[PDB]
Amino acid sequence: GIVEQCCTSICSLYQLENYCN
Amino acid sequence: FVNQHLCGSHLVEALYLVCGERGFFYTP
Ligand SMILES: O=[N+]([O-])c1cccc(O)c1
Ligand SMILES: [Zn+2]
C-alpha cells in the first residue's frame with residue numbers, strides 16, 4: 001500500500017510515480 | 001490513526017504533483 005511504504009519510510013519521486021495512472 | 005491520516009494528506013498532494021495529467025489512485 002501507499003501508506004505502508006511511504007508513511008513508514010521516505011519515498012522518492014520515482015517510487016510515488018508507480019502509483020500514477 | 002491520526003499519524004496515518006496526516007501523512008495521507010501530504011501523500012495525496014505529492015501524488016497530484018508527480019502524476020500530473022495522468023492522474024492517480026489513493027486507497028488507504
Ligand atoms: O514520506 N513519504 O514517503 C512522503 C510523504 C509525502 C510526500 C512525499 O514526497 C514523500
Ligand atoms: Zn501536515
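Chain naming here is simple, since letters A, B, ... match the order of the sequence lines and numbering starts at 1 in each. For the numbers below, each heavy atom of this structure counts, side chains included, while hydrogens, waters and symmetry mates do not.
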Check your understanding: Under 2.5 Å between the SG atoms of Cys6(A) and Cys7(B): is that the case?
Key -> no
Note to self: Any heavy-atom pair between the side chains of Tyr19(A) and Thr27(B) that's under 4.5 Å?
What the structure shows: no
query: In the single-linkage hydrophobic clustering (I, L, V, M, F, W, Y; side-chain heavy atoms under 4.5 Å), do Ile2(A) and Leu17(B) co-cluster?
result: yes
Between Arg22(B) and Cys20(A), the two heavy atoms sitting closest are NH2-CB, 3.6 Å
Of all heavy-atom pairs linking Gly8(B) and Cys7(A), the shortest is N-SG, 4.3 Å
Closest heavy-atom pair, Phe25(B) versus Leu15(B), reported as atoms and distance to 0.1 Å, is O-CD1, 4.3 Å
Polar side-chain atom of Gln15(A) near backbone of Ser12(A) as donor-acceptor pair, under 3.5 Å: yes
Minimal heavy-atom distance between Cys19(B) and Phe24(B), with the atoms involved, is SG-CB, 3.5 Å
Scanning both residues in full, the closest heavy-atom pair of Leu11(B) with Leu16(A) reads CD2-CD2, 3.6 Å
